[PDB]
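Pasting a structure below so you can have a look.
Throughout, protein chains are lettered first and strands after them, A, B, ... in sequence-line order, and every chain is numbered starting at 1.
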Amino acid sequence: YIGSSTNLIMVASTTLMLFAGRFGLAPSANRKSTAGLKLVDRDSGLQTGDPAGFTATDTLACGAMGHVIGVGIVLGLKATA
Amino acid sequence: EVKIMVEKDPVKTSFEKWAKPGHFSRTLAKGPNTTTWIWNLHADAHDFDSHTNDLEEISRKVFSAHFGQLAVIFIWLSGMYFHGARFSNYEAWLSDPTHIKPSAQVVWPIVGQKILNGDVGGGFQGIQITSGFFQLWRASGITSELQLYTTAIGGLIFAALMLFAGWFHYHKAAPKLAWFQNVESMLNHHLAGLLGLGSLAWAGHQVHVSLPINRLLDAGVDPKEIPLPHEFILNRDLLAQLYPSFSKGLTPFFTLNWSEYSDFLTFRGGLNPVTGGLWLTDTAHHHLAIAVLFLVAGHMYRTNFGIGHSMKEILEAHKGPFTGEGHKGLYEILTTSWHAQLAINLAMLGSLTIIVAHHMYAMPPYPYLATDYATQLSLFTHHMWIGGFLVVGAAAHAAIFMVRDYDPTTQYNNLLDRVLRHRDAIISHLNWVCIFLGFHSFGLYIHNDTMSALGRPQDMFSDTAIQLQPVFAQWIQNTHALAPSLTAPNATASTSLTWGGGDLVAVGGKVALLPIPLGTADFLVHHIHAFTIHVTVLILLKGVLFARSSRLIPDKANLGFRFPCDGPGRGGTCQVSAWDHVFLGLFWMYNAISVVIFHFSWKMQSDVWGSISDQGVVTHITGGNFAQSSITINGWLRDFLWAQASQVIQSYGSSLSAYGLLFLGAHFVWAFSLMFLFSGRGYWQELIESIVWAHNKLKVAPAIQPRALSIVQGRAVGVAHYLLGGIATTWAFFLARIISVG
Amino acid sequence: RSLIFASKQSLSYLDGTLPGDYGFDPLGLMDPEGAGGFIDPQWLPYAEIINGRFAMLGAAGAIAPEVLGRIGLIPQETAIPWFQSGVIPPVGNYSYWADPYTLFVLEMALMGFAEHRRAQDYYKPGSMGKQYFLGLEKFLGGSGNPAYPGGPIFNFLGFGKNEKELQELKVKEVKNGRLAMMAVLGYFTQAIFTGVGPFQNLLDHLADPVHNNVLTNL
Amino acid sequence: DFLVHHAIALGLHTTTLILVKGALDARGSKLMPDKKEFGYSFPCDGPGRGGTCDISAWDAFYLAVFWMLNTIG
Amino acid sequence: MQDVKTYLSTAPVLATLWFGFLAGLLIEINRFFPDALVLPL
Amino acid sequence: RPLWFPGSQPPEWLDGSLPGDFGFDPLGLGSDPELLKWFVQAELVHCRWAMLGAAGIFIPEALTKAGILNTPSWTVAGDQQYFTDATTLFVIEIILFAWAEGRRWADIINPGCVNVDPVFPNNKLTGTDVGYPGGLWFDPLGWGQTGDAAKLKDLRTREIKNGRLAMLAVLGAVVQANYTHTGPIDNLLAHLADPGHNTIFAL
Ligand code: CLA
Ligand code: CLA
Ligand SMILES: CC1=C[C@H](O)CC(C)(C)[C@H]1/C=C/C(C)=C/C=C/C(C)=C/C=C/C=C(C)/C=C/C=C(C)/C=C/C1=C(C)C[C@H](O)CC1(C)C
Ligand SMILES: CC1=C(/C=C/C(C)=C/C=C/C(C)=C/C=C/C=C(C)/C=C/C=C(C)/C=C/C2=C(C)CCCC2(C)C)C(C)(C)CCC1
Ligand SMILES: CC1=C(C/C=C(\C)CCC[C@H](C)CCC[C@H](C)CCCC(C)C)C(=O)c2ccccc2C1=O
Ligand code: SF4
């Protein structure tokens, strides 16, 4: 199951979305997207040990978008291939 | 910024405010002086905005009133489960439901009313219920009346909890105004916590309890020997013998092998041929999907965790060149006015209840729902009346928002200001499309009546005369029947049987559903429906738009909501108020919804409901007369209002004679309404003056002066008796006819 | 000065005078701005104390008949998991000297003579050691903080006499208290998923950890 | 026949009630003493003093046309 | 009871308590003496 | 002052002057002073009828179990046949209690008015408090008329607390007959054998 295609997608869907939320490529708690889809910084109040601003909300938020997207890729590829 | 703001002990829990009746209003706190004080005592009882100007105490009053309403509904559900537990034949109906009628009300043998305890079957006497609770409990997997008694006492426990919470959130810890103004958190916890987790919990019930018990009920197993609902959870081999996908044990859920759950989570579609109700593998996949979708939608808005949406930022970015500064201030509308949110919520709940009515005759969700025609007619009719009442109340509280909460300084050049700026165009073009619909539907009915009266059947709008076939509906019904083959692959059958995919489902020798034809008669009555809905929209939207002012009365917002008139000036300003438009839209809701349920009752008694004999022949209740008689008003009076009323008037001396009594008493309440509607206050005031003189002569004058009812109150009493009498007339006629022929 | 999972909203009221004041409050539950009946800064640290001490009696008590049965100090009829011990008579019922419905009435009679006394000391401290109760009402007076009475009965070894010693020992009570709540919640989910007691769940995982984890066992 | 003769007596008595009430409160009443100076068939007297809808004697005739229709029906 | 009995003495409660007693009495007359069309006394 | 709920503040209307006062008024129905004197009078005759009730329920059925007397059970005692019919036993009792409780009705309304015997005016009751009539017919031993008030209050407190145990007992005998269909002495001896199981949850 470790080398199966379900595990490799769901790891990479979660890892890349956490990479996007940490390296300033995705919306997070400490940075907002406007109507022009432009990342502007904000102070949400949440304090962690990350210098970039990644908090406990974003690792639950990007894990969920690692999972909502990741479920659809796995079952999209299951019905197709 | 979203967090809990409450404060402790706002008002002391005392009975000294119970003793003074008009404590909430300053005018009624002086005590009574006329008999109109009693009517303004009830009229201003729930009107919390007229009591105080502070929105915080208003919102606390509304929250504890919600808890009192929840307590009343839980008391009602406790009663209906206690009536199933003690005063029903639910086990007898559950043994075989194709011959025993659902009954859950026993009357007391006192004054001859013991004939109302009729032979419903199963060795039981009582009122045959049409509320659908028996099929609902069969779909819930309820096997014994001990489970009904447990649900009744649990509902009583929850009713005590709602009463305790209503006392708690007004007298011990009541929330402040910014707690209620956290609408993003409220939507996040209603979408995810209420509608998402509620659908998920009912999905878990419909995986563990409803599905195996209802599978055993399709196998002819006696419900006294069916294993109890916790035995499927405990002995999972007993659950695995009915569905082999349970033998894997939650490992395909977390490894995304959801297709291995294809044994019990299916996209079948259609009805169970054993029972005539939707599949619970589809209703469990439905609830799991709307739960994995409402919980996703509940993570949308911004509370206090950074991620989310401020919905003011959603609104204020939605602005267009045809509007300019639109959608701005609507957040300030919907967070500082309870009536605006009440208008939107009432419109969605009423329209949703109409969705419920259509999505239950057409896709019957409960086992043996469709073949019990009394349940189908009563459920559709009840939800149409509730939906029409809630959309008229939506327009009512829209108009109350205009007359009492619309601030014009905060709303400049937005959508609402511009809709008020061209309200003559809206009401005039609505007036044109209403008159056009009225001629092109009802004058088509008058034309059919005239040429059928003049001996010209070829000059009519029939299926044999000039045809008016609904080609868009007849194409959308073919598109929904020929869907599984190409546009919706993964479906075993089609969504509903009323589309055209065959599958003549016969349950108990009675027709559950079949392909519903749509012809010239359906075109005419759907244009009647569109016309009546449009006219109801015309009075109601005219009352919303002209609540502030008019060309007639430019200071109408100062006069209020429940004012009668300005006076006999400007030719007469009678019923200028927005309340009077709600009052007239109540009549147009009667007209609209009554023709809707009349079209429903005749359309499915003629083309759906019936019996199937040998060699596949279908005999309906009124065989094939909707296509030829429902195009004339004489057919509606004759083959519907006279032929089907031949069981509400000769039901006397039988168990259905209370329907005859309430049919006649409903005619009484309707003709009683015409006393209040057609008359006015001053006549009754001078007649009461003569009666007061006769009381002064015999020294029996009350100090509370007898007064005639107010003009707003006289119209309210007249429309209340009109709706009560007419709706009770249709209730009695429906529940006598379709019980008698069902 | 260890601080984890904190926010500027959370440090406005969590100033460090609490025993387990590590700043963990993302939802904002002990806010004194909207203090009410049960969501308030006076009941919530005291709620964590009573839920902590019942879980430390709970996490130790749900594993002690299973550990003592493997080492051979109790009979095997009582060496049973916690769920099949009369608590949930579906998954298992053990015959005591009374049926558990009668034992529940005996429970809330003795809890009602113990937690009603604990209730009214929270609403007013020291107001219970005035009425006569079996000649022992003088010891049941309590301190100002209702979580720690520290009388002749609840501190009958007198451990923690120094104020600096008692305050640092209160940190060890809540941290062992919080671990026990996650243990009982951990005991609850393992009883439904695995269907076997928690000491057998530890012994199954200690042999083959890659084949007896949460992912393999349901 | 007894019961419908009391229906007939109800119809004549209530029509006579509205019509005698219109004829004798024609000049004025305690709600409005100057009904004679407003003519016979005036609409109302305004929403003030509680409400004066159908106060005129023509309106009592109007309300008793429904009662003669019900009576003769 | 200086105000609880005042609420119990209000017009809707006293109408409910009297007509509850009144319909309670007339039903119980109609049980032990039913179908009464002629007063024999 | 002993109180029912030792942390709670006692109510203002229950000042401890009444016998058996322990501050138990959560619903506060004795808040009115005029209704409190009626309810104390209601509690006195409730206490003494239940103690007379408990001596006709639990005393002769204990003698029925021990074989001292062959009296029937208290639930089926009214069903038995006597020399007077039970329908017309009531109207003898109603007439006899229209003089017993109707003359007691005047003492609650007007104190010190029905203390004089109407047939013979020399006979009178030696009583000064409402609900405690005294005299030879009701207090023939004179124990209820003492000079000291602390002993007199405790003896009236002893009367109330003995009463309210029986009001739990006669109500307890009613529900035990509805649930177990067995005499309460036989419910006691069934409970005295195995008290762990023979309870309300024995079903
Ligand atoms: C996830 C938490 C959650 C959930 C489940 C709900 C659920 C509900 N809310 Mg609530 N609400 C919440 C949080 C939540 N709320 C938040 C965060 C806000 C503050 C911004 C509000 C403020 C709000 C107000 C102001 C009102 C509600 C109302 C409602 C009710 C909907 C009306 C109805 O008939 O529904 C169906 C009803 C039921 C199914 C009854 C369920 C009742 C049980 C006891 C659960 C309710 C307790 C609690 C909310 C969740 C406990 C979960 C528990 C089961 C473990 C329902 C009880 C309305 C109402 O009726 O007021 C009383 C109302 O207008 N909500
Ligand atoms: C979600 C539901 C909802 C909400 C919250 C409210 C809330 C309110 N409504 Mg209402 N409204 C709604 C839906 C609702 N309504 C619907 C369904 C309609 C269409 C009928 C309207 C039409 C509307 C108008 C026309 C007005 C309001 C107004 C009121 C306010 C106070 C009314 C009052 O004191 O009660 C008074 C309650 C009664 C008089 C009880 C009478 C009940 C009916 C009318 C008769 C009995 C029906 C019963 C089923 C028959 C039994 C007969 C039997 C006893 C013999 C309050 C803001 C009034 C206001 O001023 O708003 C600020 C008002 O003018 N409402
Ligand atoms: C105070 C209070 C406070 C606030 O107010 C709140 C509340 C809660 C309301 C309260 C409380 C209440 C209560 C608890 C009540 C109850 C009571 C009772 C139980 C009584 C009885 C009471 C009782 C009684 C008198 C009894 C009596 C009895 C009798 C006569 C008996 C008799 C008899 C006998 C001998 C035997 C024989 O063989 C038979 C007979 C004949 C049968
Ligand atoms: C500390 C640190 C680190 C680490 C970090 C990490 C690694 C993280 C992780 C994290 C993660 C890894 C997370 C995850 C999460 C997840 C989640 C959050 C989930 C959720 C879920 C949900 C949302 C649900 C689900 C679902 C779906 C989706 C569909 C249907 C079915 C279900 C319902 C099941 C590093 C190394 C960098 C460095 C040093 C420091
Ligand atoms: C009849 C009528 C009245 C008079 C209606 C009245 C006076 C209401 C009568 C209510 C009841 C019947 C009187 C009050 C009853 C008391 C509770 C006393 C109880 C007595 C018996 C009912 C037991 C109007 O005021 C009116 C106003 C505007 C348009 C039409 C009309 C209208 O048609
Ligand atoms: S009749 Fe009544 S509502 Fe009409 S104008 Fe006159 S006062 Fe106003």
Side-chain angles (χ1 to χ4, degrees), chain B residues 204 208-209 227-240 246-247 249-251, chain C residues 50-112 114-115 176-207 209 211-218, chain F residues 193-203:
Chain B
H208 294 123
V209 177
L228 268 180
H230 50 280
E231 306 190 26
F232 297 114
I233 290 181
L234 278 188
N235 178 9
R236 220 186 63 193
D237 202 17
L238 192 79
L239 182 62
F246 273 103
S247 63
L250 267 187
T251 187
Chain C
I50 306 300
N51 290 277
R53 289 155 172 189
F54 266 116
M56 293 182 286
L57 290 183
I63 195 166
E66 268 203 294
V67 173
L68 286 164
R70 309 283 154 87
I71 67 180
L73 294 174
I74 58 170
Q76 217 64 40
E77 294 293 328
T78 61
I80 61 171
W82 64 270
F83 43 88
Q84 64 182 177
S85 69
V87 187
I88 300 98
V91 289
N93 213 14
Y94 171 69
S95 194
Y96 296 96
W97 65 278
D99 45 349
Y101 286 92
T102 305
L103 273 172
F104 184 67
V105 184
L106 171 57
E107 182 179 1
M108 317 282 291
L110 298 184
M111 284 298 92
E115 307 287 274
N176 294 311
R178 283 153 181 170
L179 170 61
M181 318 184 178
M182 302 305 274
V184 173
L185 168 78
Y187 286 174
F188 280 179
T189 317
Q190 288 165 208
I192 309 169
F193 269 84
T194 81
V196 66
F199 191 45
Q200 194 57 258
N201 281 319
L202 182 57
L203 289 183
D204 283 6
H205 195 63
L206 274 173
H211 278 86
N212 269 317
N213 63 6
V214 57
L215 309 180
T216 318
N217 189 0
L218 273 78
Chain F
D194 183 15
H197 291 96
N198 297 128
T199 42
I200 189 174
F201 288 103
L203 260 67

Rounding to 0.5 Å, atoms CE (C/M181) and CG (C/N176) come to a distance of 11.5 Å
**Prompt:** Considering all heavy atoms of both residues, which atom of B/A240 and which atom of B/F246 are nearest to each other, and what is their separation?
**Reply:**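 Of all heavy-atom pairs spanning B/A240 and B/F246, the closest is CA-CB, 4.2 Å.
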For C/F199 and C/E66, the nearest pair of non-hydrogen atoms, with its separation, is N-OE1, 3.2 Å
ask   = Of all residues at least two apart in sequence or in a different chain, which pass the side chain to side chain donor-acceptor pair (under 3.5 Å) check with C/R53?
value =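 C/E173.
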### Task
Look up atom CG in C/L179 and atom CE in C/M56, then write down how far apart they are to the nearest 0.5 Å.
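Separation between the atoms: 10.0 Å.
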In short, B/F232 meets B/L239 closest at the heavy-atom pair O-CD2, 3.4 Å
Query - Check: C/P81 main-chain N/O paired with C/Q84 side-chain donor or acceptor under 3.5 Å - result: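 No; judged by distance alone, with no hydrogens or angles, the pair does not exist.
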* Measure across C/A191 and C/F83 and return the closest heavy-atom pair with its distance rounded to 0.1 Å. =>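 For C/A191 and C/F83, the tightest heavy-atom pair comes out as CB-CD2, 3.7 Å.
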Quiz item: Is the side chain of C/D99 donor-acceptor paired with the backbone N or O of C/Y101 at a distance under 3.5 Å, no angle test?
Solution: no
Between C/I80 and C/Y94, the two heavy atoms sitting closest are CD1-CB, 4.1 Å
So CE of C/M108 and CG of C/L103: to nearest 0.5 Å the spacing works out to 13.5 Å
In this structure, CG of C/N217 is separated from NE2 of C/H211 (nearest 0.5 Å) by 12.5 Å
**Report entry** Intermediate values then yes/no, side-chain contact (heavy atoms from CB on, under 4.5 Å), C/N201 and C/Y187
**Finding:** CA-CA 10 Å; C/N201 281 319; C/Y187 286 174; over 6 Å; no
Would you tabulate the side-chain donor-acceptor contacts of residues 194-203 of chain F under 3.5 Å, counting partners in other chains and residues two or more places apart, or write 'none'?
residue : atom : partner : partner atom : Å
F/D194  : OD1  : F/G196  : N            : 3.4
F/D194  : OD2  : F/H197  : ND1          : 2.9
F/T199  : OG1  : C/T102  : OG1          : 2.7
F/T199  : OG1  : F/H197  : O            : 3.2

Problem - Side-chain donor/acceptor of C/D204 to backbone N/O of C/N212, under 3.5 Å - result: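 No, the answer is negative, given that no donor and acceptor are paired below the 3.5 Å cut-off.
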Please examine the side chains of C/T194 and C/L218, heavy atoms only from C-beta on, and report whether any two atoms are closer than 4.5 Å.
-> no
On a heavy-atom basis, the closest approach of C/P65 and C/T78 is CB-O, 3.6 Å
**Contact check, side chains of C/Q190 and C/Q200, non-hydrogen atoms, under 4.5 Å** =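 They are not in side-chain contact.
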Checklist entry - Do C/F54 and C/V184 have side chains that get closer than 4.5 Å, going by heavy atoms? => result no
